[PDB]
Every structure is written in C-alpha cells, then in structure tokens.
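One file, data-v3.tsv, is given below (TSV, C-alpha atoms and all ligand atoms).
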```
chain	number	residue	atom	x	y	z
A	57	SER	CA	-46.63	19.19	-27.79
A	58	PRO	CA	-43.81	21.89	-27.80
A	59	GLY	CA	-41.27	19.63	-26.01
A	60	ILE	CA	-41.60	16.50	-28.20
A	61	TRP	CA	-38.71	15.49	-30.52
A	62	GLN	CA	-38.10	12.49	-32.74
A	63	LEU	CA	-34.55	11.22	-33.25
A	64	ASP	CA	-33.06	8.84	-35.76
A	65	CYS	CA	-29.94	7.99	-37.74
A	66	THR	CA	-29.61	8.06	-41.49
A	67	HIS	CA	-26.67	6.99	-43.71
A	68	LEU	CA	-25.08	8.94	-46.57
A	69	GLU	CA	-21.67	8.43	-48.32
A	70	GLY	CA	-20.85	5.67	-45.78
A	71	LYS	CA	-21.29	8.25	-42.99
A	72	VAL	CA	-23.82	8.56	-40.14
A	73	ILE	CA	-26.17	11.55	-39.75
A	74	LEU	CA	-27.98	11.91	-36.42
A	75	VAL	CA	-31.25	13.83	-37.02
A	76	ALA	CA	-33.57	15.45	-34.46
A	77	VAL	CA	-37.02	16.78	-35.53
A	78	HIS	CA	-39.26	19.01	-33.40
A	79	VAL	CA	-42.48	17.07	-34.30
A	80	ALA	CA	-44.96	20.01	-33.99
A	81	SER	CA	-42.92	22.48	-36.19
A	82	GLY	CA	-40.79	20.39	-38.57
A	83	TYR	CA	-37.69	22.22	-37.25
A	84	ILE	CA	-34.54	20.07	-37.56
A	85	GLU	CA	-31.07	19.76	-35.95
A	86	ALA	CA	-28.62	17.36	-37.57
A	87	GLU	CA	-24.99	16.31	-37.14
A	88	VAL	CA	-22.58	13.98	-38.92
A	89	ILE	CA	-21.28	11.51	-36.28
A	90	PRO	CA	-18.29	9.04	-36.69
A	91	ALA	CA	-20.50	6.09	-35.60
A	92	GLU	CA	-23.93	5.28	-34.25
A	93	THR	CA	-22.79	4.99	-30.54
A	94	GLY	CA	-24.47	5.74	-27.21
A	95	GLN	CA	-21.73	8.28	-26.44
A	96	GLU	CA	-22.42	10.24	-29.69
A	97	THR	CA	-26.20	10.07	-29.04
A	98	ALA	CA	-25.83	11.20	-25.34
A	99	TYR	CA	-23.58	14.19	-26.36
A	100	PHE	CA	-26.05	15.22	-29.12
A	101	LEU	CA	-29.03	15.05	-26.66
A	102	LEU	CA	-27.12	17.04	-24.01
A	103	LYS	CA	-26.44	19.84	-26.61
A	104	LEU	CA	-30.06	19.70	-27.86
A	105	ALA	CA	-31.50	19.84	-24.25
A	106	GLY	CA	-29.40	22.90	-23.33
A	107	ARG	CA	-30.64	24.77	-26.43
A	108	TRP	CA	-34.38	23.91	-26.59
A	109	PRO	CA	-37.00	22.68	-24.05
A	110	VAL	CA	-36.64	18.88	-24.58
A	111	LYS	CA	-39.37	17.05	-22.59
A	112	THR	CA	-39.80	13.84	-24.59
A	113	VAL	CA	-37.59	12.14	-27.13
A	114	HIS	CA	-39.05	9.43	-29.44
A	115	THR	CA	-36.57	6.98	-31.02
A	116	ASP	CA	-36.50	3.40	-32.29
A	117	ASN	CA	-34.92	0.50	-30.23
A	118	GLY	CA	-31.40	0.75	-31.73
A	119	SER	CA	-28.58	0.09	-29.22
A	120	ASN	CA	-27.24	3.70	-29.45
A	121	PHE	CA	-30.66	5.00	-28.18
A	122	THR	CA	-31.21	2.29	-25.44
A	123	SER	CA	-27.59	2.72	-24.15
A	124	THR	CA	-27.34	3.38	-20.34
A	125	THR	CA	-25.12	6.46	-21.22
A	126	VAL	CA	-28.17	7.94	-23.06
A	127	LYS	CA	-30.59	6.84	-20.32
A	128	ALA	CA	-28.35	8.53	-17.69
A	129	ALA	CA	-28.04	11.75	-19.78
A	130	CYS	CA	-31.88	11.86	-20.11
A	131	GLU	CA	-32.21	11.27	-16.34
A	132	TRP	CA	-29.72	14.22	-15.75
A	133	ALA	CA	-31.62	16.47	-18.24
A	134	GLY	CA	-35.14	15.45	-17.08
A	135	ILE	CA	-36.02	13.95	-20.48
A	136	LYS	CA	-38.54	11.18	-21.03
A	137	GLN	CA	-37.49	8.58	-23.61
A	138	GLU	CA	-40.12	6.68	-25.65
A	139	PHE	CA	-39.06	3.72	-27.82
A	140	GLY	CA	-40.61	2.18	-30.97
A	150	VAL	CA	-42.62	12.58	-39.26
A	151	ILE	CA	-38.83	11.73	-39.06
A	152	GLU	CA	-39.22	9.10	-41.91
A	153	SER	CA	-39.99	11.85	-44.51
A	154	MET	CA	-37.51	14.41	-43.00
A	155	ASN	CA	-34.70	11.88	-43.68
A	156	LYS	CA	-35.68	11.98	-47.42
A	157	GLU	CA	-36.12	15.80	-47.57
A	158	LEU	CA	-32.78	16.47	-45.76
A	159	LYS	CA	-31.07	13.89	-48.08
A	160	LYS	CA	-32.63	15.70	-51.12
A	161	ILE	CA	-31.27	19.16	-49.95
A	162	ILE	CA	-27.85	17.57	-49.11
A	163	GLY	CA	-27.67	16.10	-52.64
A	164	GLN	CA	-28.53	19.55	-54.11
A	165	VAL	CA	-25.67	21.38	-52.26
A	166	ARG	CA	-23.10	18.50	-51.87
A	167	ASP	CA	-20.73	19.82	-54.63
A	168	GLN	CA	-20.69	23.30	-52.97
A	169	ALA	CA	-18.69	21.88	-49.98
A	170	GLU	CA	-15.53	19.76	-49.46
A	171	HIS	CA	-16.95	18.02	-46.27
A	172	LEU	CA	-20.29	16.24	-45.89
A	173	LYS	CA	-20.71	17.90	-42.43
A	174	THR	CA	-20.76	21.37	-44.18
A	175	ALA	CA	-23.37	20.13	-46.75
A	176	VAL	CA	-25.48	18.80	-43.79
A	177	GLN	CA	-25.32	22.16	-41.93
A	178	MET	CA	-26.15	24.01	-45.22
A	179	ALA	CA	-29.20	21.63	-45.59
A	180	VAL	CA	-30.33	22.28	-42.00
A	181	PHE	CA	-30.11	26.07	-42.64
A	182	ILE	CA	-32.04	25.72	-45.95
A	183	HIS	CA	-34.69	23.44	-44.36
A	184	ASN	CA	-35.30	25.64	-41.28
A	185	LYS	CA	-35.53	28.94	-43.23
A	186	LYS	CA	-37.81	27.63	-46.08
A	187	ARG	CA	-41.10	29.67	-46.04
A	193	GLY	CA	-46.43	31.40	-44.67
A	194	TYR	CA	-44.04	30.42	-41.83
A	195	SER	CA	-40.73	28.54	-41.90
A	196	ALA	CA	-39.97	25.61	-39.45
A	197	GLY	CA	-37.62	27.97	-37.51
A	198	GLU	CA	-40.49	30.48	-36.97
A	199	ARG	CA	-43.04	27.77	-36.04
A	200	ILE	CA	-40.76	26.26	-33.30
A	201	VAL	CA	-40.29	29.61	-31.50
A	202	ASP	CA	-44.02	30.46	-31.97
A	203	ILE	CA	-45.09	27.07	-30.50
A	204	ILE	CA	-42.66	27.42	-27.54
A	205	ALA	CA	-43.46	31.13	-26.86
A	206	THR	CA	-47.25	30.41	-26.66
A	207	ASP	CA	-46.58	27.56	-24.18
A	208	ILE	CA	-44.67	30.08	-21.96
A	209	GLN	CA	-47.77	32.43	-22.43
B	56	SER	CA	-30.90	44.76	-28.22
B	57	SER	CA	-32.31	43.40	-31.56
B	58	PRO	CA	-33.37	39.66	-31.68
B	59	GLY	CA	-30.79	38.83	-34.41
B	60	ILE	CA	-27.65	40.22	-32.77
B	61	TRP	CA	-25.06	37.79	-31.25
B	62	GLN	CA	-21.69	38.36	-29.57
B	63	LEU	CA	-19.00	35.77	-30.29
B	64	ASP	CA	-15.74	35.17	-28.53
B	65	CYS	CA	-12.98	32.65	-27.86
B	66	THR	CA	-11.80	31.56	-24.49
B	67	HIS	CA	-9.15	29.04	-23.41
B	68	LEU	CA	-9.51	26.32	-20.82
B	69	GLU	CA	-7.30	23.25	-20.12
B	70	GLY	CA	-5.32	23.78	-23.31
B	71	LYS	CA	-8.50	23.83	-25.42
B	72	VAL	CA	-10.50	26.56	-27.19
B	73	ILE	CA	-14.10	27.30	-26.32
B	74	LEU	CA	-16.14	29.30	-28.85
B	75	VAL	CA	-19.00	31.07	-27.03
B	76	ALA	CA	-21.99	32.78	-28.77
B	77	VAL	CA	-24.22	35.03	-26.65
B	78	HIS	CA	-27.64	36.26	-27.83
B	79	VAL	CA	-27.14	39.81	-26.50
B	80	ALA	CA	-30.84	40.69	-25.82
B	81	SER	CA	-31.60	37.46	-23.78
B	82	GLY	CA	-28.26	36.26	-22.30
B	83	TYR	CA	-28.83	32.91	-24.06
B	84	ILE	CA	-25.60	31.01	-24.83
B	85	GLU	CA	-24.32	28.39	-27.29
B	86	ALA	CA	-20.77	27.08	-26.82
B	87	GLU	CA	-18.49	24.45	-28.26
B	88	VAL	CA	-14.99	23.19	-27.62
B	89	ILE	CA	-13.06	23.47	-30.91
B	90	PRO	CA	-9.80	21.65	-31.80
B	91	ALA	CA	-8.04	24.94	-32.82
B	92	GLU	CA	-8.80	28.73	-32.93
B	93	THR	CA	-9.07	28.84	-36.79
B	94	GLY	CA	-11.25	30.48	-39.46
B	95	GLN	CA	-12.50	27.06	-40.50
B	96	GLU	CA	-13.70	26.12	-36.94
B	97	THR	CA	-15.24	29.59	-36.46
B	98	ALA	CA	-17.02	29.45	-39.91
B	99	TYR	CA	-18.42	25.96	-39.14
B	100	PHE	CA	-19.71	27.13	-35.74
B	101	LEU	CA	-21.46	30.19	-37.32
B	102	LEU	CA	-23.01	28.04	-40.09
B	103	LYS	CA	-24.54	25.71	-37.38
B	104	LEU	CA	-25.66	28.72	-35.29
B	105	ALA	CA	-27.26	30.55	-38.33
B	106	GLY	CA	-29.23	27.40	-39.31
B	107	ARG	CA	-30.65	27.10	-35.79
B	108	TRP	CA	-31.45	30.68	-34.82
B	109	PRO	CA	-32.08	33.95	-36.73
B	110	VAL	CA	-28.56	35.43	-36.89
B	111	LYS	CA	-28.55	38.90	-38.50
B	112	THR	CA	-25.43	40.46	-36.89
B	113	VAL	CA	-22.36	38.94	-35.16
B	114	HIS	CA	-20.20	41.18	-32.92
B	115	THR	CA	-16.63	39.87	-32.33
B	116	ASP	CA	-13.23	41.23	-31.41
B	117	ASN	CA	-10.50	41.65	-34.13
B	118	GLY	CA	-9.01	38.12	-33.61
B	119	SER	CA	-7.62	36.49	-36.79
B	120	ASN	CA	-10.07	33.59	-36.64
B	121	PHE	CA	-13.02	36.11	-36.79
B	122	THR	CA	-11.38	38.39	-39.51
B	123	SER	CA	-10.66	35.27	-41.64
B	124	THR	CA	-11.90	35.18	-45.32
B	125	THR	CA	-13.48	31.76	-44.60
B	126	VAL	CA	-15.66	33.39	-41.88
B	127	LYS	CA	-16.40	36.49	-44.10
B	128	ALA	CA	-17.52	34.06	-46.93
B	129	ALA	CA	-19.69	31.95	-44.57
B	130	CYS	CA	-21.35	35.20	-43.30
B	131	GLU	CA	-21.89	36.33	-46.92
B	132	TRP	CA	-23.57	32.96	-47.73
B	133	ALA	CA	-25.75	33.19	-44.54
B	134	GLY	CA	-26.53	36.93	-44.95
B	135	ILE	CA	-24.84	37.81	-41.65
B	136	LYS	CA	-23.40	41.25	-40.97
B	137	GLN	CA	-20.03	41.19	-39.08
B	138	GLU	CA	-19.10	43.96	-36.65
B	139	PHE	CA	-15.63	44.16	-35.00
B	140	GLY	CA	-14.34	45.61	-31.75
B	150	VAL	CA	-21.60	43.10	-19.55
B	151	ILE	CA	-21.03	40.10	-21.96
B	152	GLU	CA	-17.25	40.33	-21.11
B	153	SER	CA	-18.41	38.63	-17.81
B	154	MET	CA	-20.22	35.82	-19.79
B	155	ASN	CA	-16.83	34.05	-20.26
B	156	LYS	CA	-16.37	34.37	-16.45
B	157	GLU	CA	-19.86	32.96	-15.60
B	158	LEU	CA	-19.54	30.06	-18.09
B	159	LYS	CA	-16.03	29.32	-16.72
B	160	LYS	CA	-17.52	29.53	-13.17
B	161	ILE	CA	-20.26	26.90	-14.00
B	162	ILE	CA	-17.65	24.79	-15.91
B	163	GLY	CA	-15.45	24.79	-12.77
B	164	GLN	CA	-18.40	23.76	-10.55
B	165	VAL	CA	-19.35	20.73	-12.75
B	166	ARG	CA	-15.87	19.88	-14.15
B	167	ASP	CA	-15.31	16.74	-11.99
B	168	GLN	CA	-18.78	15.38	-13.02
B	169	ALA	CA	-17.52	14.64	-16.59
B	170	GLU	CA	-14.45	13.10	-18.13
B	171	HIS	CA	-14.33	15.46	-21.22
B	172	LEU	CA	-14.25	19.25	-21.16
B	173	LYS	CA	-16.80	19.31	-24.06
B	174	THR	CA	-19.35	17.55	-21.74
B	175	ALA	CA	-18.75	20.00	-18.84
B	176	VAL	CA	-19.15	22.88	-21.35
B	177	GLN	CA	-22.50	21.45	-22.58
B	178	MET	CA	-23.64	20.90	-18.92
B	179	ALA	CA	-22.73	24.57	-18.22
B	180	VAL	CA	-24.71	25.80	-21.29
B	181	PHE	CA	-27.73	23.76	-20.05
B	182	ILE	CA	-27.39	25.13	-16.50
B	183	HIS	CA	-26.91	28.74	-17.72
B	184	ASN	CA	-29.87	28.69	-20.22
B	185	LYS	CA	-32.37	27.04	-17.76
B	186	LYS	CA	-31.47	29.31	-14.74
B	187	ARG	CA	-34.48	31.35	-13.56
B	188	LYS	CA	-32.80	33.58	-10.88
B	193	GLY	CA	-38.85	34.99	-13.35
B	194	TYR	CA	-37.65	34.03	-16.86
B	195	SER	CA	-34.68	31.93	-17.98
B	196	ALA	CA	-32.32	32.95	-20.90
B	197	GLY	CA	-33.83	30.03	-22.88
B	198	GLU	CA	-37.35	31.49	-22.41
B	199	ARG	CA	-36.28	35.09	-23.10
B	200	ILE	CA	-34.66	34.18	-26.48
B	201	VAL	CA	-37.85	32.47	-27.80
B	202	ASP	CA	-40.00	35.34	-26.35
B	203	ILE	CA	-37.83	38.05	-28.01
B	204	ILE	CA	-37.82	36.18	-31.38
B	205	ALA	CA	-41.59	35.33	-31.31
B	206	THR	CA	-42.42	39.01	-30.51
B	207	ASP	CA	-40.39	40.21	-33.55
B	208	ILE	CA	-41.99	37.53	-35.84
B	209	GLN	CA	-45.39	39.06	-34.63
A	301	LIG	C1	-13.05	23.35	-45.93
A	301	LIG	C2	-13.60	24.70	-46.24
A	301	LIG	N1	-12.74	25.60	-46.66
A	301	LIG	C3	-13.21	26.82	-47.00
A	301	LIG	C4	-12.61	27.93	-47.54
A	301	LIG	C5	-13.64	28.85	-47.74
A	301	LIG	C6	-13.56	30.18	-48.37
A	301	LIG	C7	-14.54	30.62	-49.25
A	301	LIG	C8	-14.45	31.87	-49.83
A	301	LIG	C9	-13.38	32.68	-49.56
A	301	LIG	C10	-12.40	32.26	-48.71
A	301	LIG	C11	-12.48	31.02	-48.12
A	301	LIG	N2	-14.82	28.38	-47.34
A	301	LIG	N3	-14.54	27.13	-46.90
A	301	LIG	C12	-15.43	26.21	-46.43
A	301	LIG	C13	-16.82	26.66	-46.24
A	301	LIG	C14	-17.17	27.23	-45.02
A	301	LIG	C15	-18.45	27.63	-44.81
A	301	LIG	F1	-18.79	28.14	-43.63
A	301	LIG	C16	-19.42	27.51	-45.77
A	301	LIG	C17	-19.11	26.95	-46.99
A	301	LIG	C18	-17.80	26.52	-47.23
A	301	LIG	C19	-17.46	25.89	-48.55
A	301	LIG	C20	-20.17	26.81	-48.05
A	301	LIG	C21	-21.35	27.66	-47.75
A	301	LIG	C22	-21.70	27.51	-46.32
A	301	LIG	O1	-20.67	27.97	-45.47
A	301	LIG	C23	-14.99	24.97	-46.10
A	301	LIG	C24	-15.97	23.94	-45.60
A	301	LIG	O2	-15.47	23.34	-44.42
A	301	LIG	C25	-15.66	23.95	-43.13
A	301	LIG	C26	-17.07	24.45	-42.97
A	301	LIG	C27	-14.66	25.07	-43.01
A	301	LIG	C28	-15.37	22.84	-42.15
A	301	LIG	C29	-16.10	22.86	-46.66
A	301	LIG	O3	-16.66	21.82	-46.22
A	301	LIG	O4	-15.72	23.00	-47.76
A	302	LIG	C1	-17.44	9.68	-21.55
A	302	LIG	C2	-18.74	9.48	-20.85
A	302	LIG	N1	-19.02	8.26	-20.47
A	302	LIG	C3	-20.18	8.05	-19.82
A	302	LIG	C4	-20.74	6.94	-19.24
A	302	LIG	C5	-21.94	7.37	-18.67
A	302	LIG	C6	-22.91	6.58	-17.89
A	302	LIG	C7	-23.61	7.15	-16.83
A	302	LIG	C8	-24.53	6.40	-16.12
A	302	LIG	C9	-24.75	5.09	-16.44
A	302	LIG	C10	-24.07	4.52	-17.47
A	302	LIG	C11	-23.16	5.25	-18.20
A	302	LIG	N2	-22.15	8.67	-18.90
A	302	LIG	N3	-21.06	9.07	-19.58
A	302	LIG	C12	-20.78	10.34	-20.00
A	302	LIG	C13	-21.81	11.37	-19.79
A	302	LIG	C14	-22.73	11.61	-20.79
A	302	LIG	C15	-23.68	12.57	-20.62
A	302	LIG	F1	-24.54	12.82	-21.60
A	302	LIG	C16	-23.77	13.32	-19.48
A	302	LIG	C17	-22.86	13.11	-18.46
A	302	LIG	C18	-21.88	12.13	-18.61
A	302	LIG	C19	-20.88	11.91	-17.51
A	302	LIG	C20	-22.93	13.95	-17.21
A	302	LIG	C21	-24.23	14.66	-17.10
A	302	LIG	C22	-24.59	15.22	-18.41
A	302	LIG	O1	-24.77	14.23	-19.40
A	302	LIG	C23	-19.60	10.58	-20.63
A	302	LIG	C24	-19.22	11.98	-21.04
A	302	LIG	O2	-18.80	11.94	-22.39
A	302	LIG	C25	-19.77	12.01	-23.46
A	302	LIG	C26	-20.80	13.07	-23.20
A	302	LIG	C27	-20.39	10.65	-23.57
A	302	LIG	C28	-18.95	12.33	-24.67
A	302	LIG	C29	-18.08	12.48	-20.16
A	302	LIG	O3	-17.38	13.38	-20.70
A	302	LIG	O4	-17.89	12.07	-19.07
```
Turn the structure described in the file into structure tokens.
Ligand SMILES: Cc1nc2cc(-c3ccccc3)nn2c(-c2cc(F)c3c(c2C)CCCO3)c1[C@H](OC(C)(C)C)C(=O)O
Ligand SMILES: Cc1nc2cc(-c3ccccc3)nn2c(-c2cc(F)c3c(c2C)CCCO3)c1[C@H](OC(C)(C)C)C(=O)O
Amino acid sequence: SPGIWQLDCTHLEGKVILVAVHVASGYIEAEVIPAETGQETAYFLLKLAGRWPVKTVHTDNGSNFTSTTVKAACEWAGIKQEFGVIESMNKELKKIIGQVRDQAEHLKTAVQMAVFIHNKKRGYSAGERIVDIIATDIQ
Amino acid sequence: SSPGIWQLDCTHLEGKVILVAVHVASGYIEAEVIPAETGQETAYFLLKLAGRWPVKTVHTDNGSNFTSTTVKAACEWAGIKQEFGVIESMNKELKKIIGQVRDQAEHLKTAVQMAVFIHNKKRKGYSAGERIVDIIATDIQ
C-alpha cells in the first residue's frame, strides 16, 4: 500500500540511526538521533507525516516505539501503529555510509549523503517509485 | 513553475531561526528550526531536502548563509543550481499556523512541524502534499 512505512533503529560508530522505509518503493528517510527515545521517535514521525501520506507504521516492540509520546503523536497524525524489507535496507544504507564516511566530518552528513545516493539510484529509482505509487493512488 | 524549483528563506521566531523551503509549483513546504543562521546549517538542510525530493534549482535572497561556500559546495555535490534575489506570504501563513498551535507544544520545533503538517494536508480540491507528487509524477511520465 502507498501509505505503509517500516521503522527501525540501527547502530553505527556508537551512534543511533532512525530509519524509515516506504515498503512499496524502497524509498528511505534516515536521521542520526542522540538516543533511541520516544521523544526522538515521535518528532521523527511528526516530520515524516507532514511530508508524505503516512497511514500505517510498522515497528518492533522496542520501548521508543511503544512510548505513549509516540502513540499520542500517531493519534494526532491519524497514523495506525503495528508492532512485531527494513532488515536489508539497514545493511544497504550501512554499506553506502561506509563508502562515503571519509568524505564527511560528521556521521549525520554521511547518513544524508547515503539517503541521497540510495533514493536516486536507478529503470526507476526509489524516489521516482514513491511519487509514482502515491500519484496513482490519488488518480 | 518547474517540478524541481524550490524557494528557500530564513525567518525568526522566539529568538530562533526557521529555515523554510517552498516547492514553488505546488505550495508544498518543508521547514526546520536551526540553532543558528549559518552556511553549515543551510547546507545540511539542502542536503536532506535534495535526498528526499528532486531539487534542480533553489531560489534564495542574498543572505550570507545562502551565499556561503559551504552551501555552494553542497549544491555542486547535489547538482543544484542556485539563483539569488506570492511566496513572500508563505512565511506569514506558516507563522500564522505556528501562532495558532504554539500553546499545544512545549518546543517551537514541534509547533513548526505541526504547522508543516497542517499546511501540506490543507485542501481548501487538492492539498499541497498531493500537488507536489502529482507535478513530479507528471514530469517523470
Ligand atoms: C562540517 C562541514 N564543513 C564543511 C565545509 C565545506 C566546504 C566544502 C567546500 C568548500 C567550502 C566549504 N563543506 N562542509 C561540510 C559539508 C557540507 C555538505 F553539505 C556536504 C558535504 C560536506 C563535507 C559533503 C558532500 C555532501 O554535502 C561539512 C559537513 O557538515 C555539515 C553538513 C555542514 C553539518 C561535514 O560533515 O563535514
Ligand atoms: C516534549 C513533548 N513531550 C510530550 C509528551 C507527550 C505525550 C502526549 C500524550 C500522552 C503521553 C505523552 N507528547 N509530547 C510531545 C509531543 C510530541 C508530538 F509528536 C506531538 C505533540 C506533542 C505535544 C503535539 C501534537 C503533535 O505531535 C512533546 C513535544 O516535543 C517532542 C516532539 C517530543 C520533541 C513538545 O514539544 O511538546
């Protein structure tokens, strides 16, 4: 479905990366966060929901995802949460980060470079698929 | 007019800087509260924007944070064309929504993200969020 996203956290260089994947397209949004907290997760979801049509979010049962702050943000945004593709995206994003890591001072820059590379990679790219999927659902 | 052209600007609110990006053809907005009006903050914002949407051209004023070599270098890496000098009212509308929802959040960054959500979902046939994907899908063909 065009409104389904998978979310998870991944670790790199003793830092936390919050990753969102649009399941149907492979399009990703990622951010380096100071810690895996409900406040960081809620803020990320609120940004994501204002940018794309977010209908359902699939996560695991980690405390940052089951947090009442997150539940309340989803209730405000009209998002359905479901607990218990993102497994491989973690590896691919980590591969691209490793490839460009020495081109940036900060890990957050390397992460945003990796998101750009991933989403533009073409014969459609993930960035083209997501808008094609969503535009057809609007008819 | 084109699906890859964005207008960027800085606004101030409560002693903080808000960087606002408007997709000119749709009225779609992306905004973030930044700790300081610097080339580094502006470059980082553009890098995130360019990885999320097709960004071909960025129109800004001649502010030092936009004329910065860090921003010029980030645009060069991303293949973005920079151009300097109704979207003047976008800062006013965003500030209007921010003011309406301000007491519903502790942090200004939250109120800004609530305002972006409200603005992009607003129908009064199509919303800005629908128009951006429709304009970009049309040009993909
Ligand atoms: C700290 C820092 N200083 C500087 C300085 C100059 C720079 C480069 C050429 C001429 C003049 C200045 N660029 N530049 C960058 C910079 C900015 C980008 F947008 C970017 C890239 C990088 C390396 C790589 C390609 C993708 O885009 C940074 C990065 O940090 C932030 C993103 C700012 C938080 C960093 O992590 O190194
Ligand atoms: C600090 C803070 N604490 C809390 C606590 C609870 C909360 C709400 C209901 C039950 C249990 C806890 N929510 N909540 C929020 C919160 C989170 C949202 F995603 C959000 C909204 C807000 C108010 C409003 C509607 C839009 O979505 C925040 C906000 O801060 C961050 C975004 C986290 C950085 C804030 O600035 O107030």
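In this model, the gap between atom CA of residue 67 of chain A and atom CA of residue 157 of chain A comes to 13.5 Å.
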Selection as number ranges by chain: residues within 12 Å of ligand LIG 302 (chain A) by all atoms listed in the file:
A: 89, 93-106, 120-135; B: 88, 165-182
Nearest to residue 183 of chain A: which of B:73, B:158, B:129, B:105 is it, counting all atoms listed in the file?
B:105
For the contact check between chain B and ligand LIG 301 (chain A), emit one row per residue of chain B within 9 Å, containing the shortest atom pair and the distance in Å rounded to one decimal, counting all atoms listed in the file, chain then rising number order, as a Markdown table.
```
| residue | atom | partner | partner_atom | distance |
| --- | --- | --- | --- | --- |
| B:94 | CA | A:LIG301 | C27 | 7.3 |
| B:95 | CA | A:LIG301 | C27 | 3.9 |
| B:96 | CA | A:LIG301 | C27 | 6.2 |
| B:97 | CA | A:LIG301 | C27 | 8.0 |
| B:98 | CA | A:LIG301 | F1 | 4.3 |
| B:99 | CA | A:LIG301 | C26 | 4.3 |
| B:100 | CA | A:LIG301 | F1 | 8.0 |
| B:101 | CA | A:LIG301 | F1 | 7.2 |
| B:102 | CA | A:LIG301 | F1 | 5.5 |
| B:103 | CA | A:LIG301 | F1 | 8.8 |
| B:123 | CA | A:LIG301 | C10 | 7.9 |
| B:124 | CA | A:LIG301 | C10 | 4.5 |
| B:125 | CA | A:LIG301 | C11 | 3.7 |
| B:126 | CA | A:LIG301 | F1 | 6.4 |
| B:127 | CA | A:LIG301 | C9 | 7.3 |
| B:128 | CA | A:LIG301 | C8 | 4.8 |
| B:129 | CA | A:LIG301 | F1 | 4.0 |
| B:130 | CA | A:LIG301 | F1 | 7.5 |
| B:131 | CA | A:LIG301 | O1 | 8.6 |
| B:132 | CA | A:LIG301 | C21 | 5.7 |
| B:133 | CA | A:LIG301 | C22 | 7.2 |
```
Counting all atoms listed in the file, which of B:90, B:107, B:68, B:79 gets nearest to residue 184 of chain A?
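Comparing B:90, B:107, B:68, B:79 against residue 184 of chain A, the winner is B:107.
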Which value, in Å to one decimal, gives the distance between atom CA of residue 104 of chain B and atom CA of residue 207 of chain B?
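Distance reported for this atom pair: 18.8 Å.
Closest to residue 177 of chain A among A:200, A:113, A:73, A:208 is A:73, based on all atoms listed in the file.
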Dig up all the protein and nucleic acid residues within 7 Å of (-23.7, 38.6, -41.3) in the file frame, using only C-alpha atoms, and format them as a ChimeraX atom specification.
/B:111-113,130-131,133-137
Of the residues A:63, A:196, A:204, A:158, which is the one nearest to residue 82 of chain A, using all atoms listed in the file?
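Among the listed residues, A:196 lies closest to residue 82 of chain A.
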